[PDB]
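Structure first, then comments.
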Amino acid sequence: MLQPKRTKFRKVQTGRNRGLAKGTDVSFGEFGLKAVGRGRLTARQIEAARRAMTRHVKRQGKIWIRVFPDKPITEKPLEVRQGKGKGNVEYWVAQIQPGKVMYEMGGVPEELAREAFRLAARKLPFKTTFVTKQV
Amino acid sequence: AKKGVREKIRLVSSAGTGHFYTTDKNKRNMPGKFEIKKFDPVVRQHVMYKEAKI
Amino acid sequence: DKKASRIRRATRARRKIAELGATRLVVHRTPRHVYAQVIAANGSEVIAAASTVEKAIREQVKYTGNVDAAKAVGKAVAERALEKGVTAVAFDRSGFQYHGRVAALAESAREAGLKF
Amino acid sequence: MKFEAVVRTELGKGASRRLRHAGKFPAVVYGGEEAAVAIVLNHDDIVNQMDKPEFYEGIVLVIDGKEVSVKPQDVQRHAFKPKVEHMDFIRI
Amino acid sequence: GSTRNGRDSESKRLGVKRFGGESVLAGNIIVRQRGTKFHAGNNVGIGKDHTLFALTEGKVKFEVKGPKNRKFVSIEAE
Amino acid sequence: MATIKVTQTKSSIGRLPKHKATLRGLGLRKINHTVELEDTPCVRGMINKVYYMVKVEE
RNA sequence: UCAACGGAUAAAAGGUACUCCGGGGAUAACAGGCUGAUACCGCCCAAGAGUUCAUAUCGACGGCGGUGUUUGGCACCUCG
RNA sequence: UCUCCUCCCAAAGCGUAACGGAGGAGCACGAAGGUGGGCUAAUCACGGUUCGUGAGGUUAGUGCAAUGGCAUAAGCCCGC
RNA sequence: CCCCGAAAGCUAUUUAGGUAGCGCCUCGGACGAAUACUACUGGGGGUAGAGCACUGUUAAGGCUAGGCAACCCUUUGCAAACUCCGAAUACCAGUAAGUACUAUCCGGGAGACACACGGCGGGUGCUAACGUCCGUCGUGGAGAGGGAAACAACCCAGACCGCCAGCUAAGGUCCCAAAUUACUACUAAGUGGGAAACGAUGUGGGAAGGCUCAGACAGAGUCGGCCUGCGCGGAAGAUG
RNA sequence: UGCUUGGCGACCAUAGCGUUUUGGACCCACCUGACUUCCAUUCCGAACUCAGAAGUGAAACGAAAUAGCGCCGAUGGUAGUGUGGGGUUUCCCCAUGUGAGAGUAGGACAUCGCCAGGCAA
């Protein structure tokens, strides 16, 4: 599970997740898994998908995780009333907008990449697409 | 809480006008009686003023 | 860099003089030669100007780099500015210490009737 | 490769978007001494040839009847759909 | 079950009080600021708290000037 | 320069406060009320403000 | 350190199930309501387990719903 | 928890709430104030039982939070 | 009976369901465009966005001090309390037209200081709540009428009175129930008229591609992707 | 009339750095000397200062050249957004208005005033 080694601030206001992604191009590998939907990608979700991919490729080729969960999410404990200050950080998320290439793979055949990515895609909470490096 | 230790003092005109300025001092840094030229408004002149209590 | 250091030492006064809107008497001084300009408040246009590179001062003096030269230039620039109707100036040392030739020039420009 | 291109009369967001709804895409041709020209291209036409290498080496754009040799300079792609939103062609 | 936070100062109503082109009397505060976010130009004084105020009547002019590209408030004669 | 006619076609109930002010400024008072106004960049600007509830006749 | 910081007095702690009055559904306890984090049920992927064999049975890591159904949140109704 | 200061929330004037997110103050200083004159950092590189040269350009400094400032320094030294 | 018509805010409070000043209402007086709206002109922005120049945070590779790896370099992201940048709006001011009893000032009288929902920007909460706290606009409050089955707060729209007149708004036009016909498609699921991941030879359109009368696919077509419209499953609740 | 240098400015990178080359007529710089002391070193004539002028443009400085690095920068598109509508409403779309940031083409080795000197008209 990924999280910032340190942070300037422990808690962050919720905010909003409008817009399209910035890093929308396969920039390190040949194939990538791109987000079509919008959402929060938890660190747990990120690692589930990574394990899925890695197992499938069977120690062949390289994998680039291009999303880092750096937004702390807090939850109020159960049986606590509203108030008495912001809740405790429970998990970290990465804000995903449509277009964001989240993972990349190289040094494997495209069909193995498509399968690896389909398996990872199934661990993820929003829709994705297979993408290739372009000119 | 209050951490202030600088003692308040009244600087008094060396003329007998009885005009005084007030200020404060660190009694450790300034053990002796403070002396300083200051305008006395009664005699309308700059004269020496010397420390006194209150 | 000596020139930059000097210009640094000059800026505070020059900026002040500009703020005051005063006519400025700028003095430059080099190991040989010495210079004096009266400049308008705008700081662009020179009203009067004397130096030891000028022929008339160069001839009338022995060395140009002397304190005696600085007295000549002080006198010259003052007379020329008084002709232009420049009375009351602000003296810009231009980063040199008020001393020796610079002060000598200043004194001579005061003696000639520039007020500062 | 030769593509028909129409010079854009209406420019900006509302127009650009309408083209893209109509299966076309705004594009611009610049380079040399001639002013940049804003053109409409057919999406399917261009995009179908963008798999070919020759496309990137050079194409001809028939703009206002006149053949213009241009190389692709920049492509703005859609965020996640396999579409092209805009292209810059540099006169060759 | 409590907050270590809670605190905040009173807002100090800083900012430009008279914008470009405004007619000001001598004394009129133009800018209230912390430090020289704006510098004093012609016909503008600067207080101890870096308050810029009109030294003369006229119109407020903002201007970037100088080698550092600093903003200056001046009063223009009008 | 020439006078244009302007009708109010929709209600001013619920409109932004400045938009109601603009209708007042055109002289419009009720639905279907038409005013004749000198065509002017100023008068045009007011119309642009409330175009959604104003029909112009030129 | 009138710091409860516009500073009731110079000068002040508790108990009441022995209790009382005026009020409040402005405000809690019951039940209803809203919500569904949680829970419960279902489903998706299939790492694997299962002699062999993902899918007889089970289903890791993750994901999506449904119910109102636990633990909760809220304070809308009811304190003549 | 209660007053005060700084930032964020605060929606590019001002102002703007929550038992919202973060820190500070309840002083210090007769110079650490006035003014004249002067000066310019951090950190490296390299050579030397702090020193020199170079790079660098304020990443330093600011009596004490943060913010805005600061080379004409508001930073550093000295005389009066 | 007639005219006008709020507030549920700020500040303070042994104050919080009270009260005071202020804001908002009214009445009188003064004053008269100084006001509002718009165009133009002049301003300051540091928000949205964006970016990584700073501060942090992040990935890969290089290079290498060091002991694997700083620091740099290349590439790649993230930020309420980051900014090399940077809008729209809003605000301040000026100039000017037209429209408007506006603005302001001084007095008499108040009431109110429990707000609600909805939109938009946010904090909090689970980007839960008919939740909670702000900003701003609307409506309700204090607002009838028409629509939304019924429905303060949504949509349309502001009721002086009368009329067995006419036109329209939102919304509608088979029958309940006032009003519609023609034409072109699509859907077969009562979808319409609740529900996702995902699943699937459902079906319509579009633009390409591969393979094929030298024989494809199982003697003429066939296979698979893409962009799209509409449907199917996924889909269990308590009186009918 | 140039062509240069010096001073003071405008302007504040399209102007800047870096690199290369070049200059001593004047100027500028470095330079020479400073118990004798105007003045100076929290030590030092480094600086500041004074008295000078043999040397040298080495350094610096100026100038020229150089897109090397910074800087500037369209058109087009994109983002956002005011108003009014719509939706599949955690987020979008449509009409209209506005319109970045980044990037691309490209630009760019400034421009200008006052005074004075040298050279040369």
Side-chain angles (χ1 to χ4, degrees), chain A residues 2 4 12-46 48-50 53 63-73 91-106 113-114 116-118 120-135, chain D residues 8 10-28 38-44 46-48 50-51 56 72-89:
Chain A
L2 298 177
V12 177
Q13 302 167 312
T14 282
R16 295 289 177 293
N17 187 33
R18 296 174 62 194
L20 293 173
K22 187 205 169 192
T24 56
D25 288 66
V26 186
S27 63
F28 298 89
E30 336 300 298
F31 322 102
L33 184 55
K34 172 165 295 189
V36 163
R38 183 183 304 293
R40 278 141 77 129
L41 203 55
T42 297
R44 281 183 184 283
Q45 289 167 5
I46 285 163
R50 185 202 68 66
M53 278 181 339
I63 287 142
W64 294 261
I65 304 86
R66 289 247 280 171
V67 288
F68 194 83
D70 63 337
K71 178 187 179 62
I73 305 303
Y91 62 94
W92 297 79
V93 303
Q95 302 261 70
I96 304 300
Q97 300 86 45
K100 181 70 157 200
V101 180
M102 304 165 286
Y103 303 90
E104 291 181 22
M105 203 175 273
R114 295 172 105 80
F117 283 171
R118 185 187 69 75
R122 293 280 64 65
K123 312 300 182 173
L124 263 35
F126 42 72
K127 188 166 285 294
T128 62
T129 37
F130 190 90
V131 168
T132 317
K133 169 88 80 187
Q134 270 162 0
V135 42
Chain D
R8 295 194 59 197
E10 289 75 67
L11 293 174
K13 178 192 298 209
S16 304
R17 281 183 184 190
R18 279 183 287 255
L19 287 171
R20 301 207 196 71
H21 276 319
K24 306 173 291 173
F25 72 104
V28 70
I39 65 170
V40 186
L41 291 175
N42 174 282
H43 174 276
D44 287 351
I46 291 279
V47 164
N48 285 337
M50 288 187 74
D51 77 305
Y56 295 99
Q73 230 291 73
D74 175 64
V75 185
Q76 290 172 12
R77 315 187 96 81
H78 187 280
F80 51 93
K81 296 173 183 84
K83 297 198 300 91
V84 155
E85 303 284 289
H86 183 263
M87 281 184 72
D88 306 41
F89 292 104

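Proteins get letters first, then strands, A, B, ... in listed order; numbering begins at 1 in each. Note: hydrogens, waters and symmetry copies are ignored here, and every other heavy atom, side chains too, is used.
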**Report entry** Stepwise side-chain contact (heavy atoms from CB on, under 4.5 Å) test for A/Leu41 and A/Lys100
**Finding:** CA-CA 11 Å; A/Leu41 203 55; A/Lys100 181 70 157 200; over 6 Å; no
Requested in this report: Please report the closest heavy-atom contact between D/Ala79 and A/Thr24, naming both atoms and the distance.
Outcome: O-CB, 4.5 Å
Query raised in the report: Looking at side-chain heavy atoms only, is the closest gap between D/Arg18 and D/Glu10 below 4.5 Å?
Result: no
Requested in this report: Please check if the side chain of A/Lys133 supplies one atom and the backbone of A/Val26 the other of a donor-acceptor pair under 3.5 Å.
Outcome: yes
Query raised in the report: With side chains defined as the heavy atoms from C-beta onward, is the minimum distance between A/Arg66 and A/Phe28 less than 4.5 Å?
Result: yes
Query raised in the report: Looking at side-chain heavy atoms only, is the closest gap between D/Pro26 and D/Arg20 below 4.5 Å?
Result: yes
**Report entry** Contact summary for D/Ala27 and D/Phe89, nearest pair of heavy atoms
**Finding:** CB-CE1, 4.1 Å
Query raised in the report: Does the pair D/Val47 and D/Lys83 meet the rule for a side-chain contact (heavy atoms from CB on, under 4.5 Å), with working shown?
Result: CA-CA 8 Å; D/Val47 164; D/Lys83 297 198 300 91; over 6 Å; no
Query raised in the report: From D/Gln76 CD over to D/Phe25 CZ, what is the distance, rounded to the nearest 0.5 angstrom?
Result: 11.0 Å
**Report entry** Check: A/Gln97 and A/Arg38 side chains under 4.5 Å, non-hydrogen atoms
**Finding:** yes
Query raised in the report: Are side-chain heavy atoms of D/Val28 and D/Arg8 found at a separation under 4.5 Å?
Result: no
Report task. Check whether any side-chain heavy atom of A/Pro69 lies under 4.5 Å from a side-chain heavy atom of A/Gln45, and answer yes or no. Result -> no
Requested in this report: Would you mind reporting whether A/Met53 and A/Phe117 have side-chain heavy atoms less than 4.5 Å apart?
Outcome: yes
Query raised in the report: Can you tell me how far the CZ atom of A/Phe31 sits from the CE atom of A/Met105, to the nearest 0.5 Å?
Result: 9.0 Å
Query - Step-by-step side-chain contact (heavy atoms from CB on, under 4.5 Å) determination, A/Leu33 to A/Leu124 - result: CA-CA 11 Å; A/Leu33 184 55; A/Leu124 263 35; 4.1 Å; yes
Report task. Check the pair A/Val135, D/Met50 against side-chain contact (heavy atoms from CB on, under 4.5 Å), reporting the backbone distance first and the verdict last. Result -> CA-CA 9 Å; A/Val135 42; D/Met50 288 187 74; over 6 Å; no
Report task. Might you point out which heavy atoms bring A/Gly29 and A/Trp64 nearest each other, and give the distance in Å? Result -> CA-CZ3, 3.4 Å
Query raised in the report: Once you round to the nearest 0.5 Å, how far does NE2 of D/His86 lie from CG of D/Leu19?
Result: 10.5 Å
Query - Between CH2 on residue A/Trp92 and OG1 on residue A/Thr42, distance to nearest 0.5 Å - result: 12.5 Å
Requested in this report: Taking the side chain as every heavy atom from C-beta outward, state whether A/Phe68 and A/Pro4 have any pair of such atoms under 4.5 Å apart.
Outcome: yes
Query raised in the report: Heavy-atom count around A/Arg50 CZ within 6.0 Å, excluding the residue itself: above 12?
Result: yes
Query - D/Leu11 versus D/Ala38, closest heavy-atom pair with distance - result: CD2-CB, 3.7 Å
Query raised in the report: Is there a donor-acceptor pair under 3.5 Å between the side chain of A/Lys22 and the backbone N or O of A/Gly99?
Result: no
Query - Minimum-distance pair of heavy atoms, taken over all atoms of A/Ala49 and A/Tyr103 - result: CB-OH, 3.4 Å
Query raised in the report: Is a donor on one side and an acceptor on the other found under 3.5 Å between the side chain of A/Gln134 and the backbone of A/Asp25?
Result: no
Requested in this report: With rounding to the nearest 0.5 Å, note down the distance linking CD in A/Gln13 to NZ in A/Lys71.
Outcome: 9.0 Å
Query raised in the report: Between atom CG of A/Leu2 and atom CG of A/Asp70, what is the distance when rounded to the nearest 0.5 Å?
Result: 10.5 Å
**Report entry** Nearest heavy-atom neighbours spanning D/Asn42 and D/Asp44
**Finding:** OD1-N, 3.0 Å
